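Containing compact mmCIF, C-alpha atoms (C1' of nucleotides) and all ligand atoms: query_9.txt.
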# COMPACT_ATOMS: atom_id res chain seq x y z
CA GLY A 1 44.01 -18.28 18.39
CA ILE A 2 42.54 -18.86 14.91
CA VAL A 3 42.06 -22.26 13.21
CA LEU A 4 41.25 -22.86 9.54
CA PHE A 5 39.81 -26.28 8.59
CA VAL A 6 39.80 -27.65 5.05
CA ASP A 7 37.68 -30.57 3.88
CA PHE A 8 37.67 -31.52 0.16
CA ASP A 9 34.42 -31.85 -1.84
CA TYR A 10 32.96 -35.29 -2.64
CA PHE A 11 36.58 -36.30 -2.78
CA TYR A 12 36.94 -39.67 -4.48
CA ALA A 13 34.25 -38.72 -6.98
CA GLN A 14 35.76 -35.28 -7.59
CA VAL A 15 39.11 -36.86 -8.34
CA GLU A 16 37.41 -39.07 -10.92
CA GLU A 17 35.84 -36.01 -12.58
CA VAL A 18 39.19 -34.23 -12.82
CA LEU A 19 40.78 -37.40 -14.25
CA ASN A 20 37.76 -37.73 -16.55
CA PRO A 21 36.22 -34.29 -17.32
CA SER A 22 33.31 -35.74 -19.29
CA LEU A 23 31.78 -37.06 -16.03
CA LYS A 24 31.20 -33.65 -14.45
CA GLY A 25 27.52 -32.60 -14.35
CA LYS A 26 26.38 -36.22 -14.36
CA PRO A 27 25.88 -38.66 -11.45
CA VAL A 28 29.12 -40.36 -10.39
CA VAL A 29 29.46 -43.12 -7.83
CA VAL A 30 32.70 -44.56 -6.52
CA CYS A 31 32.30 -48.12 -5.25
CA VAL A 32 34.04 -50.73 -3.12
CA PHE A 33 33.35 -54.03 -4.89
CA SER A 34 33.37 -56.87 -2.35
CA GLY A 35 33.56 -59.71 -4.89
CA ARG A 36 30.84 -61.90 -3.33
CA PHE A 37 28.51 -61.40 -6.33
CA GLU A 38 27.73 -59.13 -9.27
CA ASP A 39 28.07 -55.72 -7.53
CA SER A 40 28.45 -56.99 -4.00
CA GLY A 41 29.79 -54.23 -1.69
CA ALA A 42 29.28 -50.56 -0.71
CA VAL A 43 29.49 -46.95 -1.96
CA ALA A 44 32.68 -45.22 -0.93
CA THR A 45 31.20 -41.87 -1.97
CA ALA A 46 29.25 -40.16 -4.77
CA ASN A 47 28.96 -36.69 -6.34
CA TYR A 48 26.23 -34.22 -5.49
CA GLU A 49 24.30 -35.01 -8.66
CA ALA A 50 24.04 -38.59 -7.34
CA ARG A 51 23.28 -37.56 -3.76
CA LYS A 52 20.13 -35.87 -5.01
CA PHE A 53 18.80 -39.36 -5.57
CA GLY A 54 19.56 -40.93 -2.20
CA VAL A 55 22.95 -42.34 -3.27
CA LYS A 56 25.49 -41.64 -0.48
CA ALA A 57 28.68 -42.95 1.11
CA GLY A 58 27.82 -46.27 2.81
CA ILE A 59 24.74 -47.63 1.01
CA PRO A 60 24.95 -51.00 -0.78
CA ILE A 61 25.98 -50.72 -4.45
CA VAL A 62 22.96 -52.74 -5.67
CA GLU A 63 20.68 -50.26 -3.90
CA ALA A 64 22.50 -47.41 -5.56
CA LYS A 65 22.01 -49.28 -8.85
CA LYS A 66 18.37 -49.68 -7.82
CA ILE A 67 17.48 -46.06 -7.05
CA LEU A 68 19.85 -44.60 -9.65
CA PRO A 69 20.31 -47.21 -12.39
CA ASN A 70 21.95 -45.03 -15.03
CA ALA A 71 24.69 -43.26 -13.09
CA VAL A 72 28.44 -43.86 -13.64
CA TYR A 73 29.73 -46.57 -11.31
CA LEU A 74 33.47 -46.43 -10.82
CA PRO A 75 35.74 -48.74 -8.80
CA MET A 76 37.57 -47.25 -5.85
CA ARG A 77 41.22 -46.39 -6.53
CA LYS A 78 42.50 -45.44 -3.05
CA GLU A 79 46.11 -44.81 -4.21
CA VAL A 80 45.07 -42.33 -6.91
CA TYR A 81 43.12 -40.29 -4.38
CA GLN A 82 45.99 -40.53 -1.90
CA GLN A 83 48.43 -39.07 -4.40
CA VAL A 84 46.06 -36.17 -5.01
CA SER A 85 45.56 -35.90 -1.28
CA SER A 86 49.34 -35.75 -0.71
CA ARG A 87 49.81 -33.08 -3.27
CA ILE A 88 47.10 -31.01 -1.58
CA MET A 89 48.35 -31.44 2.00
CA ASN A 90 51.65 -30.02 0.76
CA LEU A 91 49.85 -27.00 -0.61
CA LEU A 92 48.20 -26.39 2.72
CA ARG A 93 51.73 -26.73 4.16
CA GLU A 94 52.79 -23.63 2.21
CA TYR A 95 50.24 -21.72 4.26
CA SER A 96 51.15 -23.17 7.65
CA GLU A 97 53.61 -25.87 8.71
CA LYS A 98 51.51 -26.03 11.87
CA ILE A 99 49.12 -28.56 10.16
CA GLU A 100 47.03 -31.54 11.44
CA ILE A 101 45.98 -34.08 8.79
CA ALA A 102 42.80 -35.69 10.14
CA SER A 103 42.00 -37.96 7.21
CA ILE A 104 42.36 -38.59 3.46
CA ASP A 105 40.55 -35.35 2.54
CA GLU A 106 40.74 -32.98 5.48
CA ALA A 107 43.17 -30.99 7.67
CA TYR A 108 43.37 -28.27 10.33
CA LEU A 109 45.74 -25.35 9.87
CA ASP A 110 46.63 -23.20 12.79
CA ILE A 111 46.80 -19.75 11.27
CA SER A 112 47.19 -17.66 14.45
CA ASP A 113 50.40 -16.20 13.03
CA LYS A 114 49.69 -15.78 9.29
CA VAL A 115 46.76 -13.46 10.03
CA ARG A 116 45.61 -10.92 12.63
CA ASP A 117 41.84 -11.42 12.43
CA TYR A 118 38.91 -13.34 11.01
CA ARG A 119 38.67 -11.05 8.01
CA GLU A 120 42.24 -11.85 6.96
CA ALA A 121 41.65 -15.51 7.82
CA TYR A 122 38.62 -15.42 5.58
CA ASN A 123 40.71 -13.94 2.78
CA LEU A 124 43.33 -16.67 3.34
CA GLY A 125 40.56 -19.23 3.05
CA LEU A 126 39.76 -17.59 -0.27
CA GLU A 127 43.45 -17.62 -1.18
CA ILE A 128 43.57 -21.30 -0.28
CA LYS A 129 40.50 -22.49 -2.26
CA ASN A 130 41.94 -20.77 -5.34
CA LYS A 131 45.37 -22.36 -5.17
CA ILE A 132 43.95 -25.84 -4.89
CA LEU A 133 41.61 -25.26 -7.83
CA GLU A 134 44.59 -23.76 -9.70
CA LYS A 135 46.90 -26.67 -8.98
CA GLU A 136 44.66 -29.73 -8.58
CA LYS A 137 41.29 -28.52 -10.01
CA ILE A 138 39.68 -29.62 -6.72
CA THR A 139 37.07 -27.60 -4.90
CA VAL A 140 37.11 -27.61 -1.10
CA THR A 141 35.08 -26.23 1.80
CA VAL A 142 36.74 -24.05 4.41
CA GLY A 143 35.71 -23.54 8.04
CA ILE A 144 37.29 -20.89 10.20
CA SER A 145 36.83 -20.64 13.94
CA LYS A 146 38.79 -20.26 17.17
CA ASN A 147 39.13 -24.07 17.55
CA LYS A 148 39.11 -27.36 15.67
CA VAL A 149 35.60 -28.30 16.80
CA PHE A 150 33.89 -25.08 15.77
CA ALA A 151 35.92 -24.91 12.53
CA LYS A 152 34.73 -28.39 11.57
CA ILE A 153 31.16 -27.20 12.24
CA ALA A 154 31.63 -24.07 10.12
CA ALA A 155 32.77 -26.33 7.29
CA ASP A 156 29.84 -28.67 7.80
CA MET A 157 27.53 -25.64 7.52
CA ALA A 158 29.09 -24.68 4.19
CA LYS A 159 29.53 -27.90 2.13
CA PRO A 160 30.06 -28.06 -0.79
CA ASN A 161 32.59 -25.59 -2.20
CA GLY A 162 32.01 -23.09 0.62
CA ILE A 163 33.82 -21.00 3.21
CA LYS A 164 32.42 -19.89 6.56
CA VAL A 165 33.62 -18.06 9.64
CA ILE A 166 32.29 -18.61 13.13
CA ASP A 167 33.48 -15.64 15.14
CA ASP A 168 33.49 -15.36 18.97
CA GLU A 169 29.93 -14.00 18.60
CA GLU A 170 28.78 -17.03 16.66
CA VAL A 171 30.46 -19.47 19.07
CA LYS A 172 28.59 -17.86 21.98
CA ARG A 173 25.24 -18.24 20.13
CA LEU A 174 25.84 -21.79 18.86
CA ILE A 175 26.57 -22.91 22.39
CA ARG A 176 23.05 -21.65 23.24
CA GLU A 177 21.24 -22.70 20.06
CA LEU A 178 22.87 -25.52 18.04
CA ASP A 179 21.31 -28.95 18.56
CA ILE A 180 23.67 -31.11 20.61
CA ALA A 181 23.40 -34.03 18.16
CA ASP A 182 25.27 -31.70 15.79
CA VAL A 183 28.45 -31.57 17.89
CA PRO A 184 31.30 -33.51 16.29
CA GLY A 185 31.79 -36.52 18.54
CA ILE A 186 28.10 -36.74 19.44
CA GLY A 187 26.77 -39.56 17.32
CA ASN A 188 23.47 -41.42 17.52
CA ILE A 189 23.73 -43.49 20.70
CA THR A 190 25.01 -40.54 22.75
CA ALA A 191 22.48 -38.03 21.36
CA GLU A 192 19.74 -40.42 22.52
CA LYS A 193 21.01 -40.57 26.08
CA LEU A 194 21.20 -36.77 26.13
CA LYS A 195 17.52 -36.27 25.20
CA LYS A 196 16.28 -38.75 27.82
CA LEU A 197 18.29 -36.41 30.02
CA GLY A 198 16.81 -33.28 28.42
CA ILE A 199 20.09 -31.87 27.11
CA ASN A 200 19.44 -30.59 23.59
CA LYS A 201 21.91 -27.72 23.47
CA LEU A 202 25.58 -27.41 24.40
CA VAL A 203 24.49 -24.94 27.07
CA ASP A 204 22.21 -27.50 28.83
CA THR A 205 25.32 -29.32 30.01
CA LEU A 206 26.42 -26.48 32.28
CA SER A 207 23.38 -26.62 34.56
CA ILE A 208 23.65 -30.36 35.28
CA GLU A 209 25.46 -32.44 37.92
CA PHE A 210 28.84 -33.56 36.51
CA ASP A 211 28.63 -37.04 38.15
CA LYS A 212 25.10 -37.48 36.76
CA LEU A 213 26.23 -36.52 33.25
CA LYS A 214 29.41 -38.62 33.47
CA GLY A 215 27.30 -41.51 34.75
CA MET A 216 25.48 -41.54 31.41
CA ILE A 217 27.82 -40.58 28.56
CA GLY A 218 31.20 -41.36 30.14
CA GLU A 219 33.88 -39.18 31.67
CA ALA A 220 35.68 -38.27 28.42
CA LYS A 221 32.57 -36.99 26.66
CA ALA A 222 31.28 -35.16 29.71
CA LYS A 223 34.52 -33.19 30.29
CA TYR A 224 34.72 -32.54 26.53
CA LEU A 225 31.18 -31.12 26.21
CA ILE A 226 31.54 -28.98 29.36
CA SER A 227 34.83 -27.62 28.01
CA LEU A 228 33.06 -26.74 24.75
CA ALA A 229 30.15 -25.15 26.62
CA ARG A 230 32.40 -23.04 28.90
CA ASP A 231 34.15 -21.92 25.70
CA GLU A 232 37.38 -23.19 27.21
CA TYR A 233 38.14 -25.72 24.46
CA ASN A 234 41.72 -25.25 23.26
CA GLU A 235 43.17 -28.53 21.88
CA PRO A 236 46.16 -27.59 19.79
CA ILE A 237 46.80 -28.53 16.19
CA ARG A 238 49.24 -31.45 16.48
CA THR A 239 50.96 -33.51 13.77
CA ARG A 240 48.86 -36.67 13.56
CA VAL A 241 50.68 -40.00 14.19
CA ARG A 242 49.20 -43.33 13.14
CA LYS A 243 48.45 -45.49 16.14
CA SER A 244 47.45 -48.60 14.24
CA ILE A 245 47.55 -49.83 10.64
CA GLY A 246 45.60 -52.76 9.23
CA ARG A 247 43.55 -54.33 6.49
CA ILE A 248 40.40 -56.44 6.36
CA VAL A 249 38.93 -58.25 3.34
CA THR A 250 35.60 -59.78 2.32
CA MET A 251 35.44 -63.49 1.58
CA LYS A 252 33.79 -64.94 -1.51
CA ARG A 253 31.42 -66.67 0.90
CA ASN A 254 31.05 -67.09 4.66
CA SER A 255 33.24 -69.76 6.26
CA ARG A 256 34.36 -71.47 9.44
CA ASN A 257 36.96 -73.42 7.54
CA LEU A 258 40.51 -72.48 8.44
CA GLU A 259 41.78 -73.77 5.08
CA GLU A 260 39.32 -71.53 3.30
CA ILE A 261 39.80 -68.44 5.52
CA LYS A 262 43.61 -68.56 5.57
CA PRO A 263 44.47 -67.04 2.16
CA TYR A 264 42.25 -64.04 2.96
CA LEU A 265 43.91 -63.55 6.34
CA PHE A 266 47.35 -63.86 4.79
CA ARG A 267 46.50 -61.38 2.08
CA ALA A 268 45.66 -58.90 4.87
CA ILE A 269 49.00 -59.50 6.54
CA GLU A 270 50.93 -58.81 3.33
CA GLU A 271 49.13 -55.58 2.59
CA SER A 272 49.25 -54.59 6.28
CA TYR A 273 52.93 -55.30 6.67
CA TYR A 274 53.71 -53.41 3.48
CA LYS A 275 51.72 -50.38 4.72
CA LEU A 276 53.84 -50.39 7.91
CA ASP A 277 56.98 -49.14 6.10
CA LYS A 278 59.79 -49.30 8.67
CA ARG A 279 57.30 -49.40 11.53
CA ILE A 280 57.63 -52.24 14.00
CA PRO A 281 54.50 -53.17 15.97
CA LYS A 282 54.40 -54.82 19.40
CA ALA A 283 50.74 -55.81 19.08
CA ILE A 284 48.71 -57.75 16.55
CA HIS A 285 44.93 -58.22 16.54
CA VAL A 286 42.97 -60.49 14.22
CA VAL A 287 39.59 -58.96 13.34
CA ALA A 288 36.57 -60.95 12.17
CA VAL A 289 33.19 -59.78 10.88
CA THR A 290 30.54 -62.43 11.46
CA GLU A 291 27.49 -63.60 9.52
CA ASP A 292 25.23 -61.03 11.16
CA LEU A 293 27.97 -58.45 10.91
CA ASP A 294 28.93 -58.25 14.60
CA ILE A 295 32.65 -57.40 14.77
CA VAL A 296 34.88 -59.65 16.91
CA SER A 297 38.65 -59.68 17.65
CA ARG A 298 41.45 -61.57 19.37
CA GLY A 299 44.81 -60.00 20.12
CA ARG A 300 48.23 -60.32 21.70
CA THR A 301 50.83 -57.73 22.74
CA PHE A 302 54.43 -58.96 22.84
CA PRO A 303 57.25 -57.26 24.68
CA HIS A 304 59.04 -56.90 21.34
CA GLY A 305 58.56 -55.98 17.71
CA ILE A 306 56.60 -58.51 15.65
CA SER A 307 58.41 -59.77 12.55
CA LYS A 308 56.40 -60.69 9.49
CA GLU A 309 56.98 -64.36 10.41
CA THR A 310 55.69 -64.02 13.95
CA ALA A 311 52.59 -62.17 12.63
CA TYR A 312 51.88 -65.04 10.24
CA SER A 313 52.18 -67.73 12.89
CA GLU A 314 50.39 -65.59 15.46
CA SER A 315 47.41 -64.60 13.36
CA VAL A 316 46.56 -68.25 12.62
CA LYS A 317 46.63 -69.08 16.34
CA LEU A 318 44.36 -66.07 16.92
CA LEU A 319 41.97 -66.95 14.11
CA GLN A 320 41.66 -70.38 15.70
CA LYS A 321 41.04 -68.65 19.05
CA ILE A 322 38.04 -66.85 17.48
CA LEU A 323 36.70 -70.03 15.86
CA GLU A 324 37.14 -71.91 19.18
CA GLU A 325 35.13 -69.27 21.02
CA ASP A 326 32.62 -67.89 18.53
CA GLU A 327 30.69 -70.45 16.46
CA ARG A 328 29.18 -68.09 13.84
CA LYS A 329 30.48 -68.32 10.27
CA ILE A 330 32.91 -65.58 9.26
CA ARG A 331 32.23 -63.03 6.50
CA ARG A 332 35.15 -60.54 6.50
CA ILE A 333 38.57 -61.36 7.92
CA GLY A 334 41.55 -59.04 8.51
CA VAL A 335 44.38 -58.08 10.86
CA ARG A 336 45.41 -54.95 12.73
CA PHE A 337 48.83 -53.84 14.02
CA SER A 338 49.57 -51.42 16.83
CA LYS A 339 52.05 -50.24 19.49
CA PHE A 340 54.77 -49.12 17.12
CA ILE A 341 58.30 -48.74 18.48
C1' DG B 1 45.39 -47.18 44.73
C1' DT B 2 48.83 -47.66 39.45
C1' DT B 3 49.10 -48.93 34.70
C1' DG B 4 48.24 -51.53 30.88
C1' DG B 5 46.17 -55.60 28.25
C1' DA B 6 41.99 -57.80 26.02
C1' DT B 7 37.86 -56.96 23.97
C1' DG B 8 34.16 -54.17 22.44
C1' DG B 9 31.31 -49.64 21.78
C1' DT B 10 30.97 -45.38 19.49
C1' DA B 11 32.19 -42.10 16.05
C1' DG B 12 33.75 -40.40 12.23
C1' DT B 13 35.28 -40.54 7.21
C1' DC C 1 25.54 -65.19 -3.73
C1' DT C 2 20.99 -62.47 -3.12
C1' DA C 3 22.89 -55.69 1.44
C1' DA C 4 25.66 -53.82 4.69
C1' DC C 5 33.17 -51.81 2.16
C1' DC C 6 36.93 -49.96 4.10
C1' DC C 7 39.94 -47.71 7.96
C1' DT C 8 41.46 -45.36 12.29
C1' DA C 9 40.77 -42.75 16.88
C1' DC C 10 39.44 -42.80 21.36
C1' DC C 11 37.31 -44.54 25.20
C1' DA C 12 34.96 -47.85 28.64
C1' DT C 13 34.92 -52.24 31.25
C1' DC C 14 36.57 -56.31 32.92
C1' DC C 15 40.45 -58.21 34.58
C1' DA C 16 45.31 -59.03 36.19
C1' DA C 17 49.77 -57.94 37.95
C1' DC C 18 51.65 -54.86 41.02
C1' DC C 19 54.27 -50.51 43.31
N1 LIG D 1 34.99 -46.92 1.39
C1 LIG D 1 34.49 -45.86 2.03
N2 LIG D 1 35.01 -44.66 1.81
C2 LIG D 1 34.42 -43.64 2.47
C3 LIG D 1 33.36 -43.71 3.33
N3 LIG D 1 33.04 -42.45 3.82
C4 LIG D 1 33.92 -41.66 3.25
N4 LIG D 1 34.79 -42.31 2.42
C5 LIG D 1 35.89 -41.72 1.65
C6 LIG D 1 35.35 -41.25 0.31
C7 LIG D 1 35.28 -39.74 0.45
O1 LIG D 1 35.47 -39.09 -0.81
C8 LIG D 1 36.38 -39.43 1.45
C9 LIG D 1 36.09 -38.17 2.24
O2 LIG D 1 34.82 -38.39 2.83
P1 LIG D 1 33.94 -37.17 3.37
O3 LIG D 1 33.23 -37.72 4.57
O4 LIG D 1 34.83 -35.98 3.67
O5 LIG D 1 32.78 -36.69 2.37
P2 LIG D 1 33.01 -36.48 0.78
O6 LIG D 1 34.29 -35.73 0.44
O7 LIG D 1 32.99 -37.79 0.03
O8 LIG D 1 31.71 -35.62 0.42
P3 LIG D 1 31.80 -34.18 1.16
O9 LIG D 1 31.00 -32.99 0.64
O10 LIG D 1 32.33 -34.10 2.59
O11 LIG D 1 30.48 -34.65 1.75
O12 LIG D 1 36.40 -40.55 2.33
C10 LIG D 1 32.78 -44.98 3.58
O13 LIG D 1 31.80 -45.24 4.30
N5 LIG D 1 33.41 -46.01 2.87
CA CA D 2 35.97 -35.08 5.13
CA CA D 3 34.77 -34.21 2.13
CA CA D 4 25.41 -36.44 15.27
The structure given in the file should be rewritten as structure tokens.
Ligand SMILES: Nc1nc2c(ncn2[C@H]2C[C@H](O)[C@@H](COP(=O)(O)OP(=O)(O)OP(=O)(O)O)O2)c(=O)[nH]1
Ligand SMILES: [Ca+2]
Ligand SMILES: [Ca+2]
Ligand SMILES: [Ca+2]
Amino acid sequence: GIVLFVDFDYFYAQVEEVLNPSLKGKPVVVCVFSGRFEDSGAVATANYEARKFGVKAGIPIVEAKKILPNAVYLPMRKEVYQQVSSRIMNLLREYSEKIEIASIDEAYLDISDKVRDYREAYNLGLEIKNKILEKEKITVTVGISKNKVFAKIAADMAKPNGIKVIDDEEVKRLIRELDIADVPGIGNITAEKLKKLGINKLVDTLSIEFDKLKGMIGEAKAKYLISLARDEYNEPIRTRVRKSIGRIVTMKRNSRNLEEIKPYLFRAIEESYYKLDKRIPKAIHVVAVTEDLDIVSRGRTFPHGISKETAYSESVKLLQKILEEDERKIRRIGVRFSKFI
DNA sequence: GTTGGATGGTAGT
DNA sequence: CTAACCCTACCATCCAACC
């Protein structure tokens, strides 16, 4: 079984360069403007020229403006990138209808049947990169392995505008040699628990007591890592299905005032309900980000679909429930829908 | 025991 | 207002209602 993974290069920023070809070769930074003050908010992403200077996805815009004053700062246009993204997903579809869209800019193809070996798979990767550059002038990075996880890694090892195979040989070695903190799914907190344990490599997990590992990182992660290690990982490529859709906004200033918070919450509901598109949710959750940025939420599942009217009425109740129970001012407010019929 | 709801932690993009 | 967006997946834990 062979799996090809495609992840587009500095996406949002690359789209901006294609739409505006003068930008290429200069620093470009795509920003989410929060509205709270001149340049309040965060960097969605930035091109490699910009990354050279410490400007990356996630930092605060005014810090980007600090460390790289003279770059090009562009406002995020999520719908433009999504149209490009849709056109590209359809290209990848030409190459295999067995596709798994994992986000705005990346996908896993199962190519077990288009190709007999890694060499052909490699050439298909080459055939892919070309088509996308032909049709959407977008460069991408391709990872090929026997499974999602190791394909992802191959891609990570090749960014930007690269293509890499990890063959059965490589897989065997990376199990023995690749730092554990580099396994997709193993973030900071986890990685820390694993070193206190003395597990630095995927292989280290084999020679430990399952119940001792579990009783540190959780069941799900423990099984997962051991599966990886035993080279028994075989999660198929499956058509992704949204489990929840929502929207959360940033207020002009922090409040506790229901009158002041309400138009933000309602804005979220409109956008959220519009993004649903013939989907009927049985569960609503109001989500609040506090002064000190701790995230907090109150929900309700009904036994039936929620109509836009129920959602309205319900989200106010729930926002009150937060305010009743947490006495910190609120900074961002939004809503989330789930359990679609 | 079962599942499944509320809330929150962790991870990733 | 003085930095920290935006969105979704999956999982753990704390309960409760129950086959
Ligand atoms: N608003 C916002 N958007 C983000 C954030 N992280 C990623 N994105 C968006 C912008 C990216 O172009 C798009 C794909 O992200 P990626 O993680 O794949 O990296 P990107 O393509 O930007 O650079 P690439 O070479 O992978 O590193 O997702 C974030 O923290 N906030
Ligand atoms: Ca990506
Ligand atoms: Ca990318
Ligand atoms: Ca990590």
Contacts between ligand CA 4 (chain D) and chain A, please, where a residue of chain A counts if it comes within 7 Å (with only C-alpha atoms and all ligand atoms); show its shortest atom pair and distance in Å to one decimal, rows by chain and ascending number, as a Markdown table.
| residue | atom | partner | partner_atom | distance |
| --- | --- | --- | --- | --- |
| A:181 | CA | D:CA4 | CA | 4.3 |
| A:182 | CA | D:CA4 | CA | 4.8 |
| A:183 | CA | D:CA4 | CA | 6.3 |
| A:184 | CA | D:CA4 | CA | 6.7 |
| A:186 | CA | D:CA4 | CA | 5.0 |
| A:187 | CA | D:CA4 | CA | 4.0 |
| A:188 | CA | D:CA4 | CA | 5.8 |
| A:191 | CA | D:CA4 | CA | 6.9 |
For residue 2 (chain A), work out the shell of residues within 6 Å, counting only C-alpha atoms (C1' of nucleotides) and skipping chain neighbours fewer than 4 positions away, then give it as an mmCIF file with C-alpha atoms, in the coordinates of the input.
data_model
loop_
_atom_site.group_PDB
_atom_site.id
_atom_site.type_symbol
_atom_site.label_atom_id
_atom_site.label_comp_id
_atom_site.auth_asym_id
_atom_site.auth_seq_id
_atom_site.Cartn_x
_atom_site.Cartn_y
_atom_site.Cartn_z
ATOM 1 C CA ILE A 111 46.800 -19.750 11.270
ATOM 2 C CA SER A 112 47.190 -17.660 14.450
ATOM 3 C CA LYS A 146 38.790 -20.260 17.170
#
Inset, instruction - Check every residue of chain A for an atom within 7 Å of chain C, counting all atoms listed in the file, and provide those that qualify as a PyMOL selection string. - result: chain A and resi 32+34+36-37+41-42+60
Inset, instruction - Kindly give the distance, in Å, that separates CA of residue 91 (chain A) and CA of residue 20 (chain A), rounded to a single decimal. - result: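 Atom-to-atom, CA of residue 91 (chain A) to CA of residue 20 (chain A), that is 22.7 Å.
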Legend entry - Long-range neighbours of residue 192 (chain A) as a list in words, 12 Å cut-off, all atoms listed in the file, 5 positions minimum in chain: residues 180, 181, 186, 187, 197, 198, 199, 200, 216 and 217 of chain A
Inset, instruction - Can you tell me which residues come within 6 Å of ligand CA 2 (chain D) when counting only C-alpha atoms (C1' of nucleotides) and all ligand atoms, ideally as a list in words? - result: residues 7, 105 and 106 of chain A; 13 of chain B
Near-ligand residues for ligand LIG 1 (chain D), threshold 10 Å, all atoms listed in the file, as a PDB file with C-alpha atoms (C1' of nucleotides), keeping the file's coordinate frame:
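Okay, selection03.pdb is ready:
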ATOM      1  CA  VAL A   6      39.800 -27.650   5.050  1.00  0.00           C
ATOM      2  CA  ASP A   7      37.680 -30.570   3.880  1.00  0.00           C
ATOM      3  CA  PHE A   8      37.670 -31.520   0.160  1.00  0.00           C
ATOM      4  CA  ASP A   9      34.420 -31.850  -1.840  1.00  0.00           C
ATOM      5  CA  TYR A  10      32.960 -35.290  -2.640  1.00  0.00           C
ATOM      6  CA  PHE A  11      36.580 -36.300  -2.780  1.00  0.00           C
ATOM      7  CA  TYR A  12      36.940 -39.670  -4.480  1.00  0.00           C
ATOM      8  CA  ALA A  13      34.250 -38.720  -6.980  1.00  0.00           C
ATOM      9  CA  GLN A  14      35.760 -35.280  -7.590  1.00  0.00           C
ATOM     10  CA  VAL A  15      39.110 -36.860  -8.340  1.00  0.00           C
ATOM     11  CA  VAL A  30      32.700 -44.560  -6.520  1.00  0.00           C
ATOM     12  CA  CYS A  31      32.300 -48.120  -5.250  1.00  0.00           C
ATOM     13  CA  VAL A  32      34.040 -50.730  -3.120  1.00  0.00           C
ATOM     14  CA  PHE A  33      33.350 -54.030  -4.890  1.00  0.00           C
ATOM     15  CA  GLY A  41      29.790 -54.230  -1.690  1.00  0.00           C
ATOM     16  CA  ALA A  42      29.280 -50.560  -0.710  1.00  0.00           C
ATOM     17  CA  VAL A  43      29.490 -46.950  -1.960  1.00  0.00           C
ATOM     18  CA  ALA A  44      32.680 -45.220  -0.930  1.00  0.00           C
ATOM     19  CA  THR A  45      31.200 -41.870  -1.970  1.00  0.00           C
ATOM     20  CA  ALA A  46      29.250 -40.160  -4.770  1.00  0.00           C
ATOM     21  CA  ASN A  47      28.960 -36.690  -6.340  1.00  0.00           C
ATOM     22  CA  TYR A  48      26.230 -34.220  -5.490  1.00  0.00           C
ATOM     23  CA  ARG A  51      23.280 -37.560  -3.760  1.00  0.00           C
ATOM     24  CA  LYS A  56      25.490 -41.640  -0.480  1.00  0.00           C
ATOM     25  CA  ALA A  57      28.680 -42.950   1.110  1.00  0.00           C
ATOM     26  CA  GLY A  58      27.820 -46.270   2.810  1.00  0.00           C
ATOM     27  CA  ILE A  59      24.740 -47.630   1.010  1.00  0.00           C
ATOM     28  CA  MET A  76      37.570 -47.250  -5.850  1.00  0.00           C
ATOM     29  CA  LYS A  78      42.500 -45.440  -3.050  1.00  0.00           C
ATOM     30  CA  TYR A  81      43.120 -40.290  -4.380  1.00  0.00           C
ATOM     31  CA  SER A 103      42.000 -37.960   7.210  1.00  0.00           C
ATOM     32  CA  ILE A 104      42.360 -38.590   3.460  1.00  0.00           C
ATOM     33  CA  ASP A 105      40.550 -35.350   2.540  1.00  0.00           C
ATOM     34  CA  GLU A 106      40.740 -32.980   5.480  1.00  0.00           C
ATOM     35  CA  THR A 139      37.070 -27.600  -4.900  1.00  0.00           C
ATOM     36  CA  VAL A 140      37.110 -27.610  -1.100  1.00  0.00           C
ATOM     37  CA  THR A 141      35.080 -26.230   1.800  1.00  0.00           C
ATOM     38  CA  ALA A 155      32.770 -26.330   7.290  1.00  0.00           C
ATOM     39  CA  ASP A 156      29.840 -28.670   7.800  1.00  0.00           C
ATOM     40  CA  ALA A 158      29.090 -24.680   4.190  1.00  0.00           C
ATOM     41  CA  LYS A 159      29.530 -27.900   2.130  1.00  0.00           C
ATOM     42  CA  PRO A 160      30.060 -28.060  -0.790  1.00  0.00           C
ATOM     43  CA  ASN A 161      32.590 -25.590  -2.200  1.00  0.00           C
ATOM     44  CA  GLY A 162      32.010 -23.090   0.620  1.00  0.00           C
TER      45      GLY A 162
ATOM     46  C1'  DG B  12      33.750 -40.400  12.230  1.00  0.00           C
ATOM     47  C1'  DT B  13      35.280 -40.540   7.210  1.00  0.00           C
TER      48       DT B  13
ATOM     49  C1'  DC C   5      33.170 -51.810   2.160  1.00  0.00           C
ATOM     50  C1'  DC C   6      36.930 -49.960   4.100  1.00  0.00           C
ATOM     51  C1'  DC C   7      39.940 -47.710   7.960  1.00  0.00           C
TER      52       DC C   7
END
Inset, instruction - Compute the chain A side of the contact with chain B at 7 Å, counting only C-alpha atoms (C1' of nucleotides), and hand it back as JSON, numbers by chain. - result: {"A": [185, 187, 297, 299]}
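With CA of residue 304 (chain A) on one side and CA of residue 282 (chain A) on the other, the separation reads 5.4 Å.
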If you take every atom of chain B that the file lists and fit an axis-aligned box around them with 3 Å extra on each side, what centre and edge lengths come out in Å to one decimal, as lines of an AutoDock Vina configuration file?
center_x = 40.0
center_y = -49.1
center_z = 26.0
size_x = 24.1
size_y = 23.4
size_z = 43.5
Inset, instruction - Could you jot down the CA of residue 300 (chain A) to CA of residue 220 (chain A) separation for me, Å, one decimal place? - result: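 Result for CA of residue 300 (chain A) versus CA of residue 220 (chain A): 26.2 Å, one decimal.
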Inset, instruction - Name the residues, using the chain letters and numbers of the file, that sit within 8 Å of (48.6, -46.3, 15.3) when counting only C-alpha atoms (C1' of nucleotides), and give them as a PyMOL selection string. - result: (chain A and resi 241-245+337-340) or (chain C and resi 8)
